[PDB]
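What follows is a single chain, given as C-alpha cells, in the form deposited in one PDB entry.
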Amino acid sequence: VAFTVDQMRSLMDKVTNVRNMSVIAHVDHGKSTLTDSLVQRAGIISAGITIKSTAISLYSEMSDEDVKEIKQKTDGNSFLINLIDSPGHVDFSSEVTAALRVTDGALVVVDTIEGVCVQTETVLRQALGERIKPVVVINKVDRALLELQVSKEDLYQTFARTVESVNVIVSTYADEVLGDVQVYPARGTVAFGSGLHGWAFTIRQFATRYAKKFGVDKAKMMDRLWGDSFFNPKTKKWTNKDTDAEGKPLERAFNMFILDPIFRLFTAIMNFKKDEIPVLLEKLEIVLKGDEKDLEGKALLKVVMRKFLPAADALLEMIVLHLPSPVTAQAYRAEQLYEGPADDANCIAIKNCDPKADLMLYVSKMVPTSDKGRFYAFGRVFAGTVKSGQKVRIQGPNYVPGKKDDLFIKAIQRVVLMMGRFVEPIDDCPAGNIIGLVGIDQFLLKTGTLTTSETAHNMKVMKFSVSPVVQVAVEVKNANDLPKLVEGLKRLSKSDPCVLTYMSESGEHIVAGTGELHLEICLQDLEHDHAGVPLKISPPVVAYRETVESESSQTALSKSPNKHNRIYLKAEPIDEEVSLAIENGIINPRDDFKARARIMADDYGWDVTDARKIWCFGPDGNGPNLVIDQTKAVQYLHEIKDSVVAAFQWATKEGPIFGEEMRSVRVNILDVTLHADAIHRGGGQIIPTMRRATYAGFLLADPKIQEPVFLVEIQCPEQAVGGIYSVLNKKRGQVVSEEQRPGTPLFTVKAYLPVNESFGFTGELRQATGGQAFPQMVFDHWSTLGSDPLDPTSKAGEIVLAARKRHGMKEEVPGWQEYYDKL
C-alpha cells in the first residue's frame, strides 16, 4: 500500500495505534517466510539513497467493533506496525538485545512437531527480561498433515503441549509487574498455520464465522472453540462432557469446526477427488479464478488455503489487538530503560510517552547507506520529538551527567523514515515511533543516547567495542582477481563500522574484527558479495600490544644513512590511567597543546613542561603513545619534526618485538645533531634514524607484550550455571560477579576472558549448558604478560616466536644493538 510522507506523519501522530515489535523465530522454522507474508500484505510503499533494511513499516485497518476489543487506549481504525529486523542466529547476542530493546511486543514462532527449540526459548527469555509481551504462532502445520498424517485430536494435543511449554517459559521469566501475560488460543493470542503455503488462523477468526450460525457472541463461541467444549452432532447440544448419555466419545469443538474443514480440503485436494473439491470449495465459499481452476495437488492446495485463511491476516490480528502500543509499554519499561532516577523528569516523560518533554531518543545501531560511506542512526524516540535541523546532545556510552566526556552537541541534518531499503525525509517525529537520523555517524560508533536536558542520564547502554582483537590475511587465489579484492575490502569496511581493513608494511591485506564470529561472517560476506572471488585466508590471529615497563637502561643513539644526523632518545612506560585517557578522548591529539598540558599536569601528574612539548600521538596520529621533545638548543630541530613524527607513526604501528602495535610507550628525545644543510637531513635521512633509535630505546626499556581481554556477560538458568564455570576454568577466565534476577531462576555471570582463549567459546559453552546460556562479550582491557617476550620458552616468548616464524621474520628478537648506532 503506497503512502505519502503526509499520511505517514498523520499515522505516526497517533501513537496509541502504533505497534513496535519484532519476530522471535529460528531461521529453519520459516522466520523470513512468515515475515514475507506480512510485507506482501500490509507492507507500506511510498508514493536515490538506499540503506540496509533494518525495519519495515506495515499498515493494518480494522472495524469499530474490532478496535472495541482492544484493552488499551485506541484512536481510529488505522494502525502503524513497525517490524524490527532480528539477527538469524543467537550467537549474535549483542544485536539480539538491540532489537528487543526498541520493541514492545513480539511475534514468537514455534514449530508444530518440534515445539519450542532451545534458541527460541533463550531469546524469549531475554525478550521477557526486557518486559516484552509475546504473541505465539505455531508454524509448519502442513508437515503434521502431509508427512505425519496425524489425526485431528493428535494435532490438537500437540498444539496443547506446545502452548503449555511456551507458558512454562512465560510464567517463569515474565516480570510480575505485567500480570498474566501467558498466551491462550481461546483469547486469540495464539495462531496456527503454515508459512510455506501462506495460510494461518486464530480462534477469533473462526469464532466470527460461526458467531451467526449459532446465534452467539463470538466471545462465548471463541471460548468454546478451544478446550473441553463439545457440540453433540446428534442432539445439536453443547456439552462439557466428552461422552454422550450412552458413553460414546464426543468430538471437541476445535476439532469439529476448525480442523475438520481444513482436513477435508487437504484430503480432497491431495487425493485428486475432482468431484468433491468443487462442492467443498463452494461450501466454504472459496472462489477460484481462471487458471487456478485447473490446478491440482499441492499447487491447488496452496491456492485454496491461501485465499481461505490468509496468513498475514491472522498475524496482523494478534499484533493489533494484543501487542502493546508505545504508550502502554513505556509505562512499565521506562524505569528499566533509564540508567538514572525513576522519578527523574526524563524518566517520567518516558513513562508517559510525552511528545512535549525533553527529547529522549535511543540509537540502537548505525545503518550502512548509499550516501557515500556514511551511516544513518537507527533508533526510537522515547520522549519529546526529533526534528530536522534540531540541535541535540549526543551522549555516548562513556558519558555521564557532569563531565563533558563522550559528549557532542551537534545538529541533526535530516530525520528520515526507514522504509526497509529506502529513505523518506520528514520534518519531525513524536515519541513512540521508530526513526532514522542523518549526520551522527561521526559521533556515535553504534549505540548512543540523544537528549535535550543537561541533566539526563544515558538509557540502558549496550556495551560495544571497535577494537580489532582478531584478524586474518586475505589473499586472492587468482592473481587477476586482485583489483576485485581491493574494492571488496573498501566495500566491506563500509557495510560495518566495526570492521577494519588495512595494509601492513609488508603489503598484506588485513581484515580485523571484534570477535571470532564477527570476523567469520565478514570473510564470508567478502568472498561472496563484496569481492566474489576465490580467497585464500589464513587462520584467525589475535592482536597483541608491545610495551615497556621501565626506562631505557641507557640512552638510545642512532645515525642517519649519510652519517650526518644523530638522534638521542629514551623510552619509558606511560601510566595506564594516561593511556586510558588518551583512548577515551580525554587527552586529545587535536586538543589545544596548552589546555591538554594543564589536564595532564593537574589530573595525571605530568610535568607541564613535557606535556606542552608533545610532538605527536601514535599510531594513526592518535594512539596511546607519545613523542616528547626534551632537547636543548638544537638548531633546525623544527625542520625535521615532520620526519620524526612520521617515523614514530610507523614505529608504533609495528613494533620491534613481533610487528604488533605499541601501547603506553613514551619517547623522550634528549638530543639531536643535524647537518647544517637541509639537503642532507630530509625524510630519507631522518625517518630511518628516528625509527631505529625508537626501536633501540624500546628494547632498552625491558620490553613486554599485552594481550586483549574480553568482558563476558552470560545469562543462564540456575540449573545450567555450573556449566559456565566449568568452561571458564580451562580458559584462564576470571569471574567478576554472579548476580541473580529477583524472582526468576535466571543468573547473570560476568567474567574476564582472554581473547586468545575465546576461540570456540560459544560452542563449548553451548554444550556445557545445553544451549541455555546466553553469551555476550565485549573488549574490556589490555593485560601485560609477566613473562619475558625475549625468552622463547616463556609464555610471551612462545607467542612471539610463533608469530616471528609466521611472518617470515628472524626467529630470535633483535637486540637493541642492531638498531643502535653500529660502533
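Under this definition, the rigid core comprises the largest set of C-alpha atoms superposing within 1.5 Å between the forms. From 1 onward, residues are counted along the sequence shown.
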Task: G48 preceded by how many uncoordinated deposited residues after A47 - done: 10 or more
TODO: Pick between 68-76 and 605-613: the one whose mean CA B-factor in the entry is higher.
DONE: 68-76
Task: 574-582 versus 647-655 - greater average Cα B-factor per the deposited record - done: 574-582
Task: Selection by C-alpha B-factor (highest) of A245, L196, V163, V150 - done: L196
- [ ] Among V541, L361, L517, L295, single out the one with the highest C-alpha B factor in the record, please.
- [x] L295
Task: CA B-factor placement of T793, once the chain's modelled residues are sorted into thirds - done: middle
Open item on the list: Quick check for you: using the entry's CA B-factors within this chain, is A25 in the lowest, middle or highest third?
Closed with: middle
TODO: Tell me, lowest, middle or highest third: where does the Cα B factor of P185 rank within its chain?
DONE: middle
- [ ] Grab the CA temperature factor for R9 from the record and place it in the lowest, middle or highest third of its chain.
- [x] highest
Task: Third of the chain, ranked by Cα B-factor, where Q40 sits - done: middle
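The form deposited in another entry is left out here; the points below concern that form.
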Open item on the list: Given a cut-off of 2 Å on Cα movement between the shown form and the other one, rigid core as reference, pick the single residue from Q390, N352, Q719, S171 that exceeds or meets it.
Closed with: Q719
Open item on the list: So that I can tell if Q336 moves, could you say whether its C-alpha shifts by at least 2 Å between the shown form and the other one after the core superposition?
Closed with: no
Task: Exceeds or equals 2 Å, Cα of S467 between the shown form and the other one, core fit - done: yes
Task: Rigid core superposition, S37 Cα moves 2 angstroms or more between the shown form and the other one - done: no
Open item on the list: What direction does the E739-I348 Cα distance move in the other form compared with the shown chain, closer or farther, given a change of 3 Å or more?
Closed with: farther
TODO: Report the direction of the Cα distance change between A581 and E454 in the other form, compared with the displayed form, as closer or farther; the change is 3 Å or more.
DONE: farther
